[PDB]
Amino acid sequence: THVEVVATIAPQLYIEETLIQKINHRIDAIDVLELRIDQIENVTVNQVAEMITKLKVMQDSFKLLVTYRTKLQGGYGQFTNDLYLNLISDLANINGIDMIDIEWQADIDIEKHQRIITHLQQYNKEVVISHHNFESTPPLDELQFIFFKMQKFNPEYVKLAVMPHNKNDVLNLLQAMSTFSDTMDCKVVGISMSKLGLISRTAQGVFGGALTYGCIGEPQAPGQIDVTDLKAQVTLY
């Protein structure tokens, strides 16, 4: 496994020259730029397209992933489910997007999720289907079943982010992703959050995961480190 390094950013509507300078300073470390958008209250596809245009010089160095992380999965986004899913579907129309995050949880409308995913894939977008538990790390068998349900949508990536309470929870997440990687077709990404889980981010490739997320400024999630230091780590394993 060669792990791709994802740099998470979270600008308001007007992306600042100072952010552009920070990205450029880390350019060799960035395989994917993750534009978070849930922090933009009442964000529209038009506004997203405007932001993407400003990040079109370094297009040649990285893929662009757009993520709207809902409040209930630990982000800022307060859209109702229908507005959220309408946003995700509309992102297909932006040419400069390469990857799109869509959230999985137990209450989703399956056939609708599959219609959206098919739609994004028809538009040549890579789909990351994601699930987050900021409270705890379910037991091994449960983490595996979550991976199982997410992969039935035939995404390009399945991503599971969980919060460890102890060392065993960290090892369970690593085991879940390792067993998935050895047995299943699509790419997997596991994150054990917080300082305790940092090893999941640095040794992600050892256990067969495809992406690791870091930051440019402050951590955008518990345990994130700067992408320059993250790239150096990934290269060691």
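Numbers follow the displayed sequence, beginning with 1.
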Out of 136-144 and 106-114, which stretch has the higher average CA B-factor listed in the record?
-> 106-114
Stretch exceeding the other in mean C-alpha B-factor - 13-21, 217-225 | 13-21
Highest CA B factor of 30, 65, 198, 184, as deposited, is found at 184
With respect to the C-alpha temperature factors reported in the PDB entry, which of 81, 166, 151, 130 ranks highest?
-> 81
Relative C-alpha B-factor of residue 162, binned into the chain's lowest, middle or highest third = lowest
Would the CA B-factor of residue 90 place it in the lowest, middle or highest third of its chain?
-> highest
B-factor third for the C-alpha atom of residue 175 within its chain = lowest
With respect to C-alpha B-factor, does residue 46 fall in the lowest, middle or highest third of the chain as deposited?
-> highest
Using the B-factor values recorded in the entry, state whether the Cα atom of residue 39 falls in the lowest, middle or highest third among the modelled residues of its chain.
-> middle
